[PDB]
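First up is the structure itself, then whatever we jot down about it.
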Amino acid sequence: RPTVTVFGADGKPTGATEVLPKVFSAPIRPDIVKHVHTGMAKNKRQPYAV
Amino acid sequence: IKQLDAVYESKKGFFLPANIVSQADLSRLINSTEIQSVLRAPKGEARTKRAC
Amino acid sequence: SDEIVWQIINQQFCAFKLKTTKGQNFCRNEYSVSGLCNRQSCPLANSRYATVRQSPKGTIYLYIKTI
Amino acid sequence: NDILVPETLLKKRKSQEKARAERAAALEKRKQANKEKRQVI
Amino acid sequence: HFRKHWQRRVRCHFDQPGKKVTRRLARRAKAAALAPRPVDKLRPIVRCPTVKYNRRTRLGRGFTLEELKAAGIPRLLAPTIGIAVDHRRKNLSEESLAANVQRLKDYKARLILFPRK
Amino acid sequence: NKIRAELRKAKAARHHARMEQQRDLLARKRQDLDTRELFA
Amino acid sequence: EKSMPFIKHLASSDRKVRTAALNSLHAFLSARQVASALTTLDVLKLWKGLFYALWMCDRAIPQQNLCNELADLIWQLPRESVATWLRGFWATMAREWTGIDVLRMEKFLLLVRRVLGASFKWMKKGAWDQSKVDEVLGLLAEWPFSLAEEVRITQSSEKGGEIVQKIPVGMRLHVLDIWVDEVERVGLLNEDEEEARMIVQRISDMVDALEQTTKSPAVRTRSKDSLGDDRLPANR
Amino acid sequence: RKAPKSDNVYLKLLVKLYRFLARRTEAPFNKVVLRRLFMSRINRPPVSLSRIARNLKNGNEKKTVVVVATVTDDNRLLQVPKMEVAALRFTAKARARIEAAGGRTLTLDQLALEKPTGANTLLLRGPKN
RNA sequence: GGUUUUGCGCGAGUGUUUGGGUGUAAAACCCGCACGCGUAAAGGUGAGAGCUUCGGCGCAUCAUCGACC
Ligand SMILES: [Zn+2]
């Protein structure tokens, strides 16, 4: 799809449209997302020991 | 949405990756006029009748 | 990209998926013809779809989704 | 307002028609070969 | 290489995000005191010693006395206007001299000076 | 000392060889119907 | 350059916006001074937005009326620019043949049949205009029934660029299955007319050339079956 | 085998495509491409632009060179001939150098769409170890 | 810290996270010079997968004779 419609403050279409960027046509890779998200969620962690 | 093209261009050392598949709709790949014209006749059905 | 959408739903996660120990999986989507999580009856993976639903006034409607 | 048949469906029906006449012809070829085999055995 | 007690002398770095905040606050604390002035003093352009890094060029410690006098900056004024001064370094070639009295001349063009009282 | 000279010169020539390769990759990387322009 | 502010609206998600832009493209083609000066670069912009006009249309009976409306646009144009318009259609639909998914392919296969059906209708005035004959069939020799795998667009100069468009095999196999159906519809298969037998023959010789000189096995079997149909004058 | 080792959804999509083409076509090309899709990374070595060019040095030009691997660029090759390469992945320099010479880049699903039986193709494999 | 194998990104290059910038603040996002490892500093014949205008091309790899330092 070339364009995406821009909606107004009232919820109705304004009449202006924007072109969808190329990042929305990128590959969708669940294996990549899962691998990064597993290590990403570890990066906030705060150490514990006895 | 205007900036989305720019922020992904300004990322050095990275470009928008090329997919290994151009048409991800597999039904179009298989149920096409070009593929279906060249196939062999079907050797059987989905359910095989018990012979003996 | 209907095959890619099925690969995320079936293998990874679906919010409408009910898993039982009895061997069959169930679909909690209200727009499903059969409450089962197979490929032929997924409202999400199938861009073109049909279902039949009942309004509380008693009227039966045919819901058709096009791509 | 007639809603004509999809174009890809037309190619199925032509392919299905050739397959049915082929199966019908191969059935009669198989039947006549079986009749001759019962006499020869 | 764990023959000695490496258990008693192991140092982690969980203060790495916290030390960066302190270091950036120290640069902000310094710039509150020296409010119109830059944080860091001006430094000269020098050539790296060895044969491996002869072709590269880095910032030195301070400007030579001959570089300051050629630029027109008095020696006793330079530490008070943001110019670092090195008495140990010598020039030894006209290429080291000309690169630095261009740098000090470029510093003076971009410098705005306010009177004493 | 002529031996220790040419080990030092070899390491210097190895480092200068890498830096020339970095520049050459930069030089190589330097060397209306579109959808973002038609529907703009 | 030409002002074409309606190509943006042909891609809108609202049908009344798209209908207004399609009515606006009627006005652009009607203006005979601008329409006589349409370039190859100019028509490639139009058929791209016309492609997304059909790409967005929703239900079946809307799809058929739009396909017919896009077919009856050749009559709107002047005679000087009819050849480049059909060049735009075959070049655009070459660029996006694989990129259409399996559910939207039905309405675009109908669009090729309706446009090729309109081309054989246009060539009517020997009761057939020979100047129109070499244009439609010559453009049928360039994209569908070609002997080269690529078609060169525009001319090489200091003011021009470079567009080389491969003809996909799937386009060849579609025109092969619909070309007899279209020459029957407008009436080339009347056996009495000597001019009509000439036009049927020269495309029949054209596909027979594609039979013996292709390398795709898919084209080889599909072109043989198109020759072997009973409605053709030779096989009757 | 029974299943690809990969977790790419698109690589499983190509195996589904080439399981069908191996089953419903006599062509041995579809059988070997399917077997190379099941392979691991060390069993799919990359092919340089130079290795493709030296298998085109005979009258093998105007053949779709097909490689089930990643095509890499060779800086030791100064001139790249015109060629239609079909592969899994192209590196950024390799894709640009193929396109600058007037050549063309394919994916394996586009290859099966254009030549399903592998007609007039040229299969290449990368150097082992 | 070695090593083998699978998945993944990039590819003759690769590695943001010592550090700097920024922040909804131990997250996320960005990268200036270095640095580690690596790369750099075309022959015949015969088999051979695959293709084929059925004439023939011939991957990888092996073997045999050559070429050059
Ligand atoms: Zn489901």
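Letters A, B, ... mark the chains of the structure tokens in the order given; residue numbers begin at 1 per chain; ligand numbers begin at 1, in order shown.
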
*chain B contacts to chain G at 7 Å (only C-alpha atoms) as a count of residues only*: 8

*All residues within 7 Å of ligand 1 are required, counting only C-alpha atoms (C1' of nucleotides) and all ligand atoms; please report them as a list in words.*
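Checking only C-alpha atoms (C1' of nucleotides) and all ligand atoms against ligand 1 at 7 Å gives residues 9, 10, 14, 16, 17, 27, 37, 38 and 42 of chain C.
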
Which of chain C counts as helix (DSSP H, G or I) under DSSP, as a PDB file with N, CA, C and O atoms, in the first residue's frame please?
ATOM      1  N   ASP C   2      -0.169 -14.054   4.377  1.00  0.00           N
ATOM      2  CA  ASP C   2      -1.052 -14.847   5.225  1.00  0.00           C
ATOM      3  C   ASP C   2      -0.333 -16.056   5.803  1.00  0.00           C
ATOM      4  O   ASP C   2      -0.671 -16.525   6.895  1.00  0.00           O
ATOM      5  N   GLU C   3       0.647 -16.586   5.076  1.00  0.00           N
ATOM      6  CA  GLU C   3       1.420 -17.703   5.594  1.00  0.00           C
ATOM      7  C   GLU C   3       2.341 -17.259   6.717  1.00  0.00           C
ATOM      8  O   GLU C   3       2.564 -18.008   7.675  1.00  0.00           O
ATOM      9  N   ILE C   4       2.889 -16.048   6.618  1.00  0.00           N
ATOM     10  CA  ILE C   4       3.759 -15.541   7.674  1.00  0.00           C
ATOM     11  C   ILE C   4       2.958 -15.273   8.939  1.00  0.00           C
ATOM     12  O   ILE C   4       3.431 -15.521  10.055  1.00  0.00           O
ATOM     13  N   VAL C   5       1.730 -14.782   8.788  1.00  0.00           N
ATOM     14  CA  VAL C   5       0.880 -14.515   9.941  1.00  0.00           C
ATOM     15  C   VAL C   5       0.505 -15.819  10.633  1.00  0.00           C
ATOM     16  O   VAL C   5       0.422 -15.886  11.865  1.00  0.00           O
ATOM     17  N   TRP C   6       0.330 -16.888   9.859  1.00  0.00           N
ATOM     18  CA  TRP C   6       0.041 -18.183  10.454  1.00  0.00           C
ATOM     19  C   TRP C   6       1.242 -18.730  11.211  1.00  0.00           C
ATOM     20  O   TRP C   6       1.078 -19.425  12.217  1.00  0.00           O
ATOM     21  N   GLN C   7       2.455 -18.437  10.747  1.00  0.00           N
ATOM     22  CA  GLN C   7       3.631 -18.959  11.426  1.00  0.00           C
ATOM     23  C   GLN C   7       3.842 -18.301  12.781  1.00  0.00           C
ATOM     24  O   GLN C   7       4.346 -18.945  13.707  1.00  0.00           O
ATOM     25  N   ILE C   8       3.471 -17.031  12.918  1.00  0.00           N
ATOM     26  CA  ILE C   8       3.572 -16.372  14.212  1.00  0.00           C
ATOM     27  C   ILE C   8       2.470 -16.854  15.146  1.00  0.00           C
ATOM     28  O   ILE C   8       2.711 -17.102  16.333  1.00  0.00           O
ATOM     29  N   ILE C   9       1.247 -16.990  14.634  1.00  0.00           N
ATOM     30  CA  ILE C   9       0.121 -17.388  15.473  1.00  0.00           C
ATOM     31  C   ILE C   9       0.266 -18.830  15.935  1.00  0.00           C
ATOM     32  O   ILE C   9       0.136 -19.129  17.127  1.00  0.00           O
ATOM     33  N   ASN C  10       0.543 -19.744  15.004  1.00  0.00           N
ATOM     34  CA  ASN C  10       0.554 -21.162  15.346  1.00  0.00           C
ATOM     35  C   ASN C  10       1.747 -21.535  16.210  1.00  0.00           C
ATOM     36  O   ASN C  10       1.594 -22.213  17.230  1.00  0.00           O
ATOM     37  N   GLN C  11       2.943 -21.106  15.824  1.00  0.00           N
ATOM     38  CA  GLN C  11       4.128 -21.594  16.516  1.00  0.00           C
ATOM     39  C   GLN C  11       4.457 -20.768  17.751  1.00  0.00           C
ATOM     40  O   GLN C  11       4.907 -21.320  18.760  1.00  0.00           O
ATOM     41  N   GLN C  12       4.254 -19.454  17.703  1.00  0.00           N
ATOM     42  CA  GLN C  12       4.676 -18.627  18.825  1.00  0.00           C
ATOM     43  C   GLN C  12       3.553 -18.332  19.811  1.00  0.00           C
ATOM     44  O   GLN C  12       3.596 -18.825  20.943  1.00  0.00           O
ATOM     45  N   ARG C  39      -5.632 -24.155  10.418  1.00  0.00           N
ATOM     46  CA  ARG C  39      -5.314 -23.139   9.421  1.00  0.00           C
ATOM     47  C   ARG C  39      -6.547 -22.722   8.638  1.00  0.00           C
ATOM     48  O   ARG C  39      -6.709 -21.543   8.302  1.00  0.00           O
ATOM     49  N   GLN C  40      -7.442 -23.663   8.361  1.00  0.00           N
ATOM     50  CA  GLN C  40      -8.567 -23.372   7.486  1.00  0.00           C
ATOM     51  C   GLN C  40      -9.624 -22.514   8.166  1.00  0.00           C
ATOM     52  O   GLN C  40     -10.464 -21.920   7.482  1.00  0.00           O
ATOM     53  N   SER C  41      -9.616 -22.437   9.492  1.00  0.00           N
ATOM     54  CA  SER C  41     -10.616 -21.675  10.225  1.00  0.00           C
ATOM     55  C   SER C  41      -9.972 -20.701  11.193  1.00  0.00           C
ATOM     56  O   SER C  41     -10.377 -20.591  12.351  1.00  0.00           O
TER      57      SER C  41
END

_Can you tell me which residues surround residue 20 of chain F at a distance of at most 12 Å, considering only C-alpha atoms (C1' of nucleotides), apart from same-chain residues fewer than 5 positions away, and format the answer as number ranges by chain?_
E: 55; F: 13-15, 25-27; I: 40-41

Tell me the residues of chain E close to chain F, meaning within 10 Å using only C-alpha atoms, as a PDB file with C-alpha atoms, in the first residue's frame.
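Full text of iface.pdb as output:
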ATOM      1  CA  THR E  50      56.882   6.117  17.056  1.00  0.00           C
ATOM      2  CA  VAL E  51      57.328   4.812  13.513  1.00  0.00           C
ATOM      3  CA  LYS E  52      53.987   3.006  13.835  1.00  0.00           C
ATOM      4  CA  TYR E  53      52.019   6.217  14.417  1.00  0.00           C
ATOM      5  CA  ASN E  54      54.135   8.847  12.632  1.00  0.00           C
ATOM      6  CA  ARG E  55      51.368   9.434  10.088  1.00  0.00           C
TER       7      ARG E  55
END
